[PDB]
Structures are given as structure tokens and as C-alpha cells.
Amino acid sequence: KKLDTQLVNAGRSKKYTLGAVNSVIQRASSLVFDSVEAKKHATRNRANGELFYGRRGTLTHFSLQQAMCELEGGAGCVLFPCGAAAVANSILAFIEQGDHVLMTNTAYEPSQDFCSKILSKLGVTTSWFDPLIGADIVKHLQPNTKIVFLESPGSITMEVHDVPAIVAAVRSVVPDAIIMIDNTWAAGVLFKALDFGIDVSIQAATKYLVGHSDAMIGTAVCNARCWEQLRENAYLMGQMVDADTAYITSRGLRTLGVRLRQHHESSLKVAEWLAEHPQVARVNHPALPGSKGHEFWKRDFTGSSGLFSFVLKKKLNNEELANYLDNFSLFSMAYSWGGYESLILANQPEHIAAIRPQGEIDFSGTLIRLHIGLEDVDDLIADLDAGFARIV
Amino acid sequence: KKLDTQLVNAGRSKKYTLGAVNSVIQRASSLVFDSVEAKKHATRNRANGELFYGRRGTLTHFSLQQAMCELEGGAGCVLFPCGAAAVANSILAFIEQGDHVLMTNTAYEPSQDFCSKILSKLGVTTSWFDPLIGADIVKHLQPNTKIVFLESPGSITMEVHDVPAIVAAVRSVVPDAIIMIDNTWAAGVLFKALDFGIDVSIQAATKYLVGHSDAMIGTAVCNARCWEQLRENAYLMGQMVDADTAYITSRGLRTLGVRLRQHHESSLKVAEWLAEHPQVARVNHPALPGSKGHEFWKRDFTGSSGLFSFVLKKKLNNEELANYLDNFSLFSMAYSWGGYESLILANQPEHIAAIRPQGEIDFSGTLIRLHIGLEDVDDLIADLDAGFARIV
Amino acid sequence: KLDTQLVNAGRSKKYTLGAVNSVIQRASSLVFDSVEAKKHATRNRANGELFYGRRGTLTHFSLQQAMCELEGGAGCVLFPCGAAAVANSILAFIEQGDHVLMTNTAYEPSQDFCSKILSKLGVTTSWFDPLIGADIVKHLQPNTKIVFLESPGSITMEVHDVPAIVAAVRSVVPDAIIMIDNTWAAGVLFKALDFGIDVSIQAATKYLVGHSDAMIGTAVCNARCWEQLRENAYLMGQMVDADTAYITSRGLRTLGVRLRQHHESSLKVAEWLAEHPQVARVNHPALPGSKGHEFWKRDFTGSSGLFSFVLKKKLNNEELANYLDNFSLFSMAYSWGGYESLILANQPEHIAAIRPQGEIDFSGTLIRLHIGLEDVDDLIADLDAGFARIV
Amino acid sequence: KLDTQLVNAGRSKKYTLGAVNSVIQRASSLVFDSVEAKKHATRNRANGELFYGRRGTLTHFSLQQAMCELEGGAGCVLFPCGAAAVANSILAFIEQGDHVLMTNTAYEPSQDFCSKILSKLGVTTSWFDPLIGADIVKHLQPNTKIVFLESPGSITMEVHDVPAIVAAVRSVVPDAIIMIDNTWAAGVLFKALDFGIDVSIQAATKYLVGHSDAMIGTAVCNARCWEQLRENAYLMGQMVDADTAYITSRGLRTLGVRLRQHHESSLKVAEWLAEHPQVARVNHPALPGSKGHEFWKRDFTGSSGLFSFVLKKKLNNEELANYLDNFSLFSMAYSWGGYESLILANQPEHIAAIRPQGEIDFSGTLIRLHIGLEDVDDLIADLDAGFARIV
Ligand SMILES: Cc1ncc(COP(=O)(O)O)c(/C=N/NC(=O)CNC(=O)c2ccccc2C(F)(F)F)c1O
Ligand SMILES: Cc1ncc(COP(=O)(O)O)c(/C=N/NC(=O)CNC(=O)c2ccccc2C(F)(F)F)c1O
Ligand SMILES: Cc1ncc(COP(=O)(O)O)c(/C=N/NC(=O)CNC(=O)c2ccccc2C(F)(F)F)c1O
Ligand SMILES: Cc1ncc(COP(=O)(O)O)c(/C=N/NC(=O)CNC(=O)c2ccccc2C(F)(F)F)c1O
């Protein structure tokens, strides 16, 4: 009943494993009906876990779906080729011309760009809010607000929402709004979005659930209210993921507890050490006091993953930036995160100000986003330490 | 320079094969930048075949993309999780509220349903045309017509468009329309859509390109005019396909010539034999005289694949339908087609009338859709022959 | 009916489970729901009940059923590559003091396994000319345990008179196990077990896979030999992974349309080469006049796309490079049986060193071709340009 | 630094090519752009230049580099499963007239390979008690070619005094090859090559893969033995597929966080069982009092999650079924080293039949547990309920 037991067993019914430990991998487009009667029975149950057509899924998808519903406490799981596909398509599934979308201004940039470049030309408007607005979100609601889009902690800058206050405020004014969250940082499990009255918990399963930086997949776990419309409207957009990726995602769940505990332990140690460092202005780790929304993190989360950022006292010029980033031995530059390896990315205040619509930034030094992987934490601190010496 | 040589070699540059015969399989979300300078160079070339992020693709995607552009004569290839995803997302990529979509009424049903259920609520209207309308398509154009959507031969009923006449008519009235085709029957190669002044040739690569009924993938090969907008707008919807599927698709190309010649030879023999059969009212095979648009097929296509249909003299009742379909030895019931195996599906006139908007059907008997696979053609004819005896 | 058999081979509902292709069951551990169930699996662990991944999953059982129906056998043993199937099939039947009799035209690693591994185990090997037929009795010892055939032969492509050899072997050493490396025929163009051969071995790597990207060996056995090969191979830990098994089953599906094209194209090239002024001889089983062509015509139901020819000259190293480095369509590589065309050269000296107890009978450079699925006239054009480089 | 090494092992840019993980290069044929290039690859075909798929691709070279750095070896030979690596590693070093000396606690198929395959090849095998240490000189013959260790032992979990055994072997038969099945330690909890062992073998199937869905064997060799094992294994056609190589490399990445959890959980279960009224003895290398625990504590840097214990009673078949059929979390299956927990029973008679030249010293039913990644208290609760079924 504990999470580690859940993780090992999630989705592993005999009807999916067929004698093996893991689900089978059923590769298929065509699924064969042995009779008119069977074909008619499959048609009736085509969105209900019966083999009907590859686009709806095979045993391998059904297994992952069951596992996701168990882990996040959902009525259904809808699958997508990547996180960005789960975001764009989850929002598209619930809107119509004349609707309003209200989204945190700390939302992953492609999530915002979907709203500003795709939704806008379909007669759907979007506005943005500061992630710490809490109960004052009422001020940003419109008569036509259909979706309220959360991301906690926020992309890059890591602000944690006061979800209880936000949800209560939204329900008080537009109770029939669809509230969605990009719950990728928490891996859907360190923060139980659906227990908080959120309708749809979306993940880039690409990150922690896969955990190895070698498959892409999006998930949206839905409450009972929202599942049908998300599923059927995403189907009309031909959204699916391949059977092999679904397998590898279920397989990822198996080590997610041991991995997250290590990401938590190590990232917190790095963040504490950064907080005491002379060259560091501020540390944005949700688990750390003085970080935005930390108190909501403590109250509402059961853990931390390994992604965070910190602000240098300096704003690095281009040469110092190259000097710092080019010469790391264990941290690599790359996008994505949630793998076994450590990563490093720089953002300048001007870059971040440009992706914070209807809001202001709160720092002026160069911002570094770290993913703390599974390497030895002291080796990692040594690498960060050598970096500091390169920009003193 | 012949198609078989093209097929063997398409996409197989050394930069993708790295010493092997086939492209490597590069599984990745994160792609690592070795320096700020490399990261900046990759950013600039991120839609241009340089490794940048898994969502844009890896070497394995780039190889398939190159192969598709070569085979269809396109400026670019955009990839999707399945055919239906390539259809919905190709159309979405070019529309805005207030636009009109004009689509053949013989379009695959999910293609129509995307228009009628998704587009309509985004302020985009759709109307339909008879596939043999040819130059008289002018009658259906509106000031706001943005897309004209073709499918030749048509789904199920197999009508071939007079593409030259349709294209010329559209260009005469709305020269800036986006003309698209679902070119899956031809596998993009028996009909060179882009040579015919079509802007986007879309395939369910799931069918012939894969050829084994075990992977799903959509492709849209674009002319230079349309590539950017399709690619960038599909990216904003997070559309991609996994590296393994891309590999398997490139691998499918290798035997597409030998497979199609066999599908052509065998299906034509079956269709000729059906045409002489007493229990058969009509045969809808594009390669066969008396079939709708056959003369356009002869003029414009370089071959036939293995999908066609025929109309029984009877309209089967439920019991005769079960008797017929339940008792085949080599034909199986399933959706999809374009694999190595033979398939059979029944449709009643009432079913087809319901998916032919703004048009009338032309038959009254039960319609049978056959996919002729790679089995021995005489074994296949024996199975069909036993079926006839079951419903005499 | 071969095309129909190929499409359906191994595709029982218990293996495909609603799909067209067999499922892919990746597993080491296989779970027993009860102690009874574990007893039942144990008693059936070599008889297609799930027991342990080393013995196989549904995916392996599917491929094994398919190979057995295609080659008309009692069982199909699986190996990580063709060379593993050859080495381990032979090992499974010998003991110290045995003798092995192998065609001198056998694939070199097959010969090497005998000369370098068996020899230190007290097993002797000697060799025969592939055209020996009934005169093979000459070479049969009272301790001859294995007679190992390869028809057509590696590189030089000589075809055995299998019926004559089998009759001779049975009359003198009935206890011998007769084996064939039947890869060139993809197991289906020559129905080895119907000719009285005990074990038909394939580098499934070749035409069965058909795409040059999976490695696997198979050994289809009659009922006389299946258990021994199966159990002794198992003691050596021989198996192949589930996904490779899947891909090999998948290969079968296009095997007919592929082999027909390899046949038609290779023979056209062969016929053109035979008439070429720069060509001494062509070694193609399907071509009239080739060594053993009479046996090919009688005993085979088709041809594949691998053959060789002898240049009138023996190329020197500069010529060799000018010829081979400058092809546009043919690539240099080992293996064959994929969709693409390949070229390799062997000098007569090289061949002389791998024909034990034999004598080479050509003096020009030998060129081995695999004719793939490219347009045949494009391929002839590429060879024509190669001839210009060496005139 | 093991966690850092695990994360990075084998991940050179030449293998990953811009990605985080190595590429997957599926290939049999590998193309030579020129005759020169083909010469160069040929001379380097065992030295990590692309030559033929049977020798490996980039993906195999990546895993081989990783195993070599993790176990401190000159080379890493790959096999389709652990049992293949054991059978073939031994074969690679013997000849007729040799003697093999193997722990009587060796995995049964390891013993069977010796008694059923080697014996008919003129190779003799005898066996020793795992706690023999320096007294192993007793068993060493002038023709002893292989000394084969397994520490901890299969099933009963006895830990060798490796330093004492190695010193004795070197003093008496310096030409002997000392081998270990080092799977329980995942190669990294016991640095076998640093103790003077020649070849460290793993069923990589176990902890390296870590998920019970890929099969593979590895044999990491010192410089003295690498070439022979490598070349002789190759003559047997031993290899593993590229995708399994990829997945094994991938396993390494979580190996540290996994092993630490298997250690912590298994030891807690062991400690609880040792104190249980229904339990006679617990066989866990990490538990004080277990056979060879002093050697585990001295020579190992950690523990994995596989161990066993002896019930006070010998269960009859009804009791066996009531105990084993009714678990909620532990499953019955062979293999171990995955994320899930497993249980198997062995009766003392069963064990007595696989301890050649040894004597069993327990009389109750022996229960082998693999402790996976589930919550340890859930697992203890499941065992507690099992005890209630048999009181
Ligand atoms: C909270 C969150 N939610 C969803 C996603 C998207 O997941 P996926 O599976 O689509 O990459 C992610 C993204 N991980 N990616 C990055 O940190 C890097 N992304 C970008 O720079 C980016 C920003 C905007 C457009 C594209 C990209 C691209 F580079 F292409 F990844 C995310 O962090
Ligand atoms: C011309 C054409 N174009 C695109 C597609 C879609 O490709 P994909 O890769 O998405 O299945 C296809 C479809 N192949 N599928 C069928 O013949 C069966 N499809 C349906 O019955 C169907 C109709 C409507 C909705 C779903 C389905 C579902 F069953 F789910 F396949 C097609 O024929
Ligand atoms: C009739 C026949 N039987 C078995 C095999 C071996 O099969 P596999 O799947 O092990 O490669 C094959 C071989 N494919 N190989 C070649 O054309 C060339 N191989 C060698 O000369 C060779 C022999 C020994 C070792 C390596 C090689 C290497 F060069 F790598 F190919 C074969 O032709
Ligand atoms: C120390 C050790 N060394 C090697 C192996 C074999 O590895 P692999 O990858 O070949 O399974 C293993 C084995 N895993 N197997 C088991 O716990 C049980 N296996 C057997 O008893 C057995 C022995 C011989 C043949 C089959 C089996 C089968 F039952 F199928 F598991 C091992 O424990």
C-alpha cells in the first residue's frame, strides 16, 4: 500500500503480463476480430480497454493507463507523443471560439506559445497571472474563462502555487472551469493534484516517469468529470503514443521511488551548499526556506525531485558565461531533465522577463537551472565549485 | 534512378548510417551541447536537421524525413504519431476562425469528423463535394475557402479524383488555397501528388510504408511554399513520432516496391475474377474499367496497391453477414490495411450513405472492402469462393 | 502455397493475442501462479509452456512453430547468430574420439570451429570436394559422427548432389548426423529434411531477417535429433532475444516476394556477366553450366541472389582499389541476404587457403555479389562502369 | 564515486553522438568505404573498429568499455545469457585431459555443463566446499586448468575466502585460470579482478539489467586471459544483440540507487527472520553469523537483495502449497535481481543432489528470497502472513 509497493505493481495485472514480470509489448495497428459478434462487442468497448484499433491502444497501453490512474487517482489516462502534445491537446480538447484561458506566467514557454500563437487565431484569448496570486486569482477571472492552467513549481524560476487557495477561489466564481496542472516536476506523485480539486494532471512522462532521457510521452490523468471529453477530443486529433514507449514508461515507474529519493536527497544538499556560497544571490529550490511558495511545498507536497535553480550575484557577460558553462566535467548542457544524469542551463534576466507575461521578474543576476541526477553528490558539488572559481 | 533503387537508398547517407546498412536508432529527449557556441549553432538550425531537442527529432528522424522528401519530391516532411494525427494537425496548421474547408465526401471518416466536431467549434466551417466533380469544383468554392482536401482513391468506395481538373479549377478562383491530399492508397509513390500542384501530401505511413501492421505514424510531405507553417504549427501541438517507429518506417521503404508490385498483381487478378462472378454487382478497383475515375487512374497513376471493394448483388441480412464473414480461412476482419496479410470488412449502404455528406451513394447491395496481402492469389480466390457459397 | 504459408507461419491466436503479428514478451523470470502450475510448466519446459526466458517466451515459441512448419521439422533450436548455430549444433552431437566430415566449401568460420576448437577436444575433422556425391564413402570413417554439408558452397557456389551423399552416408555410417548450412536457400528453396538430412541450419541473419540489422541462427531438426541438439545447446546457454525472434518472424512475411526478386535479378546479372569479355566464369547455381547446376535444377524450387564470378585477370592492389572503391550502388561488407547489393573480392590464394584437401581451379580475382532489391539495370550499369575501371 | 562512474561508464561522445545514452546501431553488415578502410577495420576487428556485427557495433563497444571500467578489466566478452557466459568462458580455456575444480555451491546449470558436456570431451571436474579456503590445495591436480568460484554461493549463500583460495591456487597451479560467477555482487560490490581472479562472469540478466526483461552474460577478463576468451568465444559465435546491450548499459545508470535499496531492505528482512520462532537459520552474507560473513565484511563494499533462510519444519506438499500459493506480493519465478520480490522453495533432498562431494547441514525447507524495491514493511507483512499459514 506504500508508494514503493504501488510503483512496483502498478499496471501489472496478469491480463497484461501474460506470465512475464512486465506487460507484454503488443505492436499493432490492425486488431483482429474473430467474428461479427466480437467486432460489435469491441466497438462498444473501444474506449474501455478492449482491443479494437491500434490508435486506441493495445494491451501495453492499457497497462500503462491503469498504472497512471492508480498512481494519480484518476478515472482515466490519455496518452500523447510528448509532454508538449499533452499540454496543447488537453487545452484544445476543452475550448471553443469565444473562450478565455487563464495561465500561470511561470508556465513552460511552449505552453504559453501554444496559447498565444495557436489559440489566438481560433478566437480564444489567454491572459496570465503571477504564480503567488493565491486567492486573489478572482481578479483575473472572466465570464468566459474556460480553463485555468497551473504549473507548480513554475518552469525555471520554481515558484510553488498555493493550490488550495487558487482552486477555492476559482470554484467560488467559475465553478465549471476546467482546472489543469502541469505536474511534471512532482512526477504526478509528490503532489496529488486530483486530491486538490484539479480536473486534469498533465505530465511530460519524458522526465521522471521514463527517467533515462531516451523516450518521449505525455500523460493526462483526468477525474471522472473530464475524462470522456479529453479522451474523445484528443482521439479526433489522432493523439497516441507507440506501444514500445508505453512499455518503457511503465518500466520507468518501477524505479521512480528509489530515483526520486536520491534526486531529493542530493538536490537539497546541493541547494543548501549553494545557499551558503558567496557567489550566489538566491536559491530557488521548493524545499528550501526563502524560496517562493516554499510553505505551500511543505504543506502540500510529499517530497522533492531534483530540478531547481539559483541566481548568481553577477550578471555574467558572454565570455564569463562560456567560461563557466563550457568547462564542466559532470554537468552537461541540454534541455529536458528528470533523467539519471546532471544538467545545467543558463538564463539571463532579460530572457526570463520576456517569458513572464503580465508580471515582473524578481532577480537581476544570471539564473542557473540545475538538474541533479544520480551521480555522487560530492563530485557534483566539486564540479559546481570549480565553476564558481572560473567566474570569481 | 529507378524507383526500386531510390527505395533501397532513400535516406541512407553515411551521416545517418554511421557504418551500418540502416540508419542508427538514436533514442533521446535531451541532446547535449558541448559548448555555448554549439548550443547557439544548434538553436539556429533546430528546424534544419541539426541535433537540438528530441521533440524536433534525432538522426533517425532526419533520415526518414530525407527519404520521404526524396520519394515524394517535397521540401520537407513533418511526422506525426499516426495518419489521423497527420490529417487533423495538417489542416489545423493552416486554418483560422472564419475560414472554410472544402473536403471530398469520400474522405476517411475520422478526417470528416475532425472537421465536423473539432473545427466547427473553432469558427471554421466545412462543406463537402462529390469526388468526380472535377472542374465543377468551382461551384463549391467560397471567398473564405482556405483548404481543399482531396483523397484519391476515396476511402471504402475507391473513387479516383480528376486531380488535374480539380487543381486547375481551384487555382483559377482561390489560387492561394492550400490543397492537400490523403495519398495513403498510393503510398505517396504511385501518384506523385506534389507534381500535380498539390501543396501537402499526407499519408498514414501505418499502411504501406510500414507494411507489416505493427507501427503507427503519419507523414506530411510539403512543397516549399507550405513547409514552414506546417512544421512550426505542428511543433506547437507537440507533434512527433518516436525514433524506433521512424527507423521501422525507413526500413519499410526498402521492400515497398516488391510489395506493391505483388499487391497490384494479386488485387487485379482478384478484381477481374470478382467482376465475372454471378453474385457480384460491381467492382470498385481503380485499375478496372467501369470503376469510378478509372480513366484518371490510368492517366495519372504509375501503379495500383492492394486495397479495393466490391458490391454484392444482395443486401445481406445480419445472419448472412455473420455466415459470410465469420467463416473465412485466410481473410481476417480488422481495420487498417497495407500490411502483408489479407483483410475483409463489410459495410451496408445505410452506413456508407451516413458518411457521404452532401452526396448520394450509387449502390444498394452490401459493400465488401478487401485488402489483398501477399498470400497466394489462388488460395485467396478459393477463400472468397467459399464465402460466396455461404451466401448463395 | 509457400506465399500463404509464409504469411501465416507461427501466427496462432495464442501467440498474436488479437494482433496481426506475435506479441513481444520480454522476460527472464516467468511467474508461476501456484506450485501446481510450476510443476506443470516444469514438465513442459521444452514443449512450449512458459517456464524460464532462457527456454523462450511466446515470441520464441511463435518463431519456432513457424520454422518447423516452413522446414518440415520436429523442433527448431535458436542461437544468437548463424555461426553460433553451426558451432553448437556440431558440439551437441560429438564426443572425444569422434570424426567430423565437412565440405571443403563450408563457410570459413565453420571450418575454423572444427580445426581450432574441436581438435583440442579430441575430435578430428577432414574434408571433401562438394561434387563428390556417392564417392564420399572414400572419406567415411567408422567413427564418423557428423557429415556437414553446405549447398551451394560458400563463395564458389558449388551445389552438392544431396540425395547421392545421403544414400552413401546411411549405407556406411547410419549413426551419423547429417547437417546442412542451408542459409543460401533461406531453408525454403531446398527442403533439406525431406532429403534425409537430420538438421537444417541457417544464419537467419541473412534472408529470413532480410534487412541486415538482426543476427540469429536457427537449427531445424527431425524427430531423431531434436532432443539432443535442443538439450545440449541449452547446456551451452544458447538462445536469442525475444525482439530478434519477433523481427525474424516478421521477415518471413516478405520472404517470398523478396526471394523472387533476388532470383530474377541475380540470374539476369549472371547471364550478362557470362557473356562479358572481361569475365572468365560465373558461379551461379541457377545458370546452366555452373558447378552442380543439374542438382540445383532437380532439388531446389528457386534461387536467391548471392553468387560469384571470376575476372579474366588477377587484379593487383591498385586495380582492386580502383575497381572496388568506385562503385555507386554496390557496397563492400560481409554478410548478405538483405535488400541492398554487396560486393567482395577474393584472390585465388585466399580461396586456396580455405579449401582443405581441395585444389582451386581458377586464376583470376573472384568477385562475390549479393544482388539486392535495386533496379537490376542500375546494378548492371554499376558493374559495367566497374569493368571500364579495370580494362 | 561508484555512483558517478555508473552514470558515466561507456558514455563517450563517440558512442552517444549527441544523445545522453549510446546510440543503438543494429547491424550485421558493416560497410567499408574503401579497400584501405576494410584493411584498417580488419586489423582492428577485436579493438573496437566497426567490422562485422558478430564482433559488435557502437552499442556493444559502449557496454564493453563500461564493464571494463566498472570491473577493472582489459576486455569484456558478451554472451546471450549468464549460462552461455559460464559454459563458454570455461570451454574457451580447456582441452581434452584438463581438470576443472568448481565450488559445489555453483549454480546448477554451471555444474551440469561440467558433468554433461565437458565429461564427454575428456575433461574431468571435481568439486569443493565453499569454506575450504587455503585447504583447497587438497583438490588441486597437476592438470587443473580452471578453478571456478561463486561467492556468495547459489541458494545457500556461503561466501568464499577468495584471497586464501587465490594464494593457494597460484602457489600450486600458477597456469590455472581462476573464474568467478560474480552475479550476486553485480560485479561492483566485489572487485574480483583486484583479488587476483582472472575472469569475472555475470548473468547481466540479474542486477545489471535490473528489470527482469533482457538476458545477457558478460565475462570481464584481465589482460592475461582476455584474448583467449574473446577469440574462443567468437569461434563459438557468442554475442548478444545491440538492443540488449543498450538496455544493459541503461541498467547501470540506476544500479547504485537500486543495490542500496536491495541491501537495506534485505538485511532488515533477514534480521527479522533470524529472530522469528518459525525460522531455523538465515543465510544472508551481510548478517553476522552467516557462513562466510567475515569474508563478506572484509572483501565486499555492499550487499544485494538475494538471500535464503531455513524453516524449522520440512514442509509437506500440502503445506508447501498453502505457504507459496497464497502470497500477495512475493511471486514464484526463477532468476532474481529485478525490481520485484520473488520466492522459491527447495527441500533439503533437492539441495543434497546438487552439492557434489559435499554434505547438506539443514533439515527444514529452504526458502530463497529476492527482496525487490517494494516497501520493506509490506514485504515483512506478506512473509508474516505466510508464517501464519504453516504454524
Ligand atoms: C514542465 C514541462 N512541461 C512539459 C515539457 C514538454 O515535454 P516534452 O516531453 O514535450 O519535451 C517540458 C520540457 N522539457 N524541456 C526543456 O527544459 C527544454 N525545452 C525548450 O527549450 C523549448 C522551449 C520552447 C520550444 C521548444 C523547446 C525545445 F527546446 F524544443 F525543447 C517541461 O519542462
Ligand atoms: C485513407 C486513410 N487515411 C488515414 C487513416 C488513419 O491512419 P492511422 O495511422 O491514424 O490509423 C486511415 C485508416 N485506416 N483505418 C481503417 O480502415 C479503420 N478505421 C476506423 O474504423 C475508424 C473510423 C473512425 C474512427 C476510428 C477508427 C478506428 F477504428 F479507430 F480506426 C485511412 O484508411
Ligand atoms: C553460409 C553462411 N553461414 C553462416 C554465416 C554466419 O552467420 P552469422 O549470422 O553468424 O554472421 C555466414 C556469413 N556471413 N558472413 C560473410 O559473408 C563473411 N564473414 C566472414 O568472413 C567471417 C568469418 C569469421 C568471423 C568473422 C567474419 C566476418 F568477416 F566478420 F564476417 C554464411 O555465409
Ligand atoms: C549465479 C547465477 N549465475 C548464472 C545464472 C544464469 O543466468 P541466465 O541469464 O542464463 O539465466 C543464474 C540464474 N538465474 N536462475 C535461477 O534462479 C533458476 N534457474 C534454474 O534453476 C535453471 C537451471 C538450468 C536451466 C534452467 C533453469 C531455470 F529453471 F529455467 F531457471 C544464477 O543465479
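In each ligand, atom 1 is the first atom listed, and ligand 1 is the first ligand listed. Protein chains get the first letters and strands the later ones, always in sequence-line order, with residue 1 at the start of each.
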Salt-bridge criterion met for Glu49(C) and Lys38(C) (N-O under 4.0 Å):
no

Within the 4.0 Å heavy-atom shell around [X], which atoms of ligand 2 are there?
X	answer
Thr206(B)	9 (O)
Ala204(B)	4 (C), 5 (C), 7 (O), 9 (O)
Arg369(B)	17 (O)
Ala84(B)	6 (C), 7 (O), 8 (P), 10 (O)

So which protein heavy atom does [atom] come closest to, and at what separation?
atom	answer
atom 19 (N) of ligand 1	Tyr108(A) OH, 3.0 Å
atom 23 (C) of ligand 2	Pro110(B) CG, 3.4 Å
atom 1 (C) of ligand 1	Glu151(A) OE2, 3.3 Å
atom 18 (C) of ligand 1	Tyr335(A) CB, 3.0 Å
atom 14 (N) of ligand 1	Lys207(A) NZ, 2.8 Å
atom 8 (P) of ligand 4	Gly82(D) N, 3.5 Å
atom 16 (C) of ligand 1	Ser336(A) N, 3.2 Å
atom 11 (O) of ligand 1	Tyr53(B) OH, 2.4 Å

Ligand 4 atoms in contact with [X] (distance to a heavy atom under 4.0 Å):
X	result
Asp181(D)	1 (C), 2 (C), 3 (N), 4 (C)
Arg54(C)	6 (C), 8 (P), 10 (O), 11 (O), 24 (C), 25 (C), 26 (C)
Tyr234(C)	25 (C), 26 (C), 30 (F)
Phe51(C)	28 (C), 29 (F), 30 (F)
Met215(D)	8 (P), 9 (O), 11 (O)

According to the interplanar angle, ranging from 0 to 90°, do the rings of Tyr208(B) and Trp337(B) count as parallel (below 30°), tilted (30 to 60°) or perpendicular (above 60°)? perpendicular

Original post:
Would you say ligand 2 has an N or O under 3.5 Å from any N or O of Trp337(B)?
Top reply: yes

Might you confirm whether atom NZ of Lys39(C) has over 12 heavy atoms from other residues, nucleotides or ligands at distances under 6.0 Å? yes

Going by the 4.0 angstrom heavy-atom rule, the piece of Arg56(B) near ligand 1 is neither

At under 4.0 Å between heavy atoms, what of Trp184(D) touches ligand 4? The answer is neither

Going by the 4.0 angstrom heavy-atom rule, the piece of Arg46(A) near ligand 2 is neither

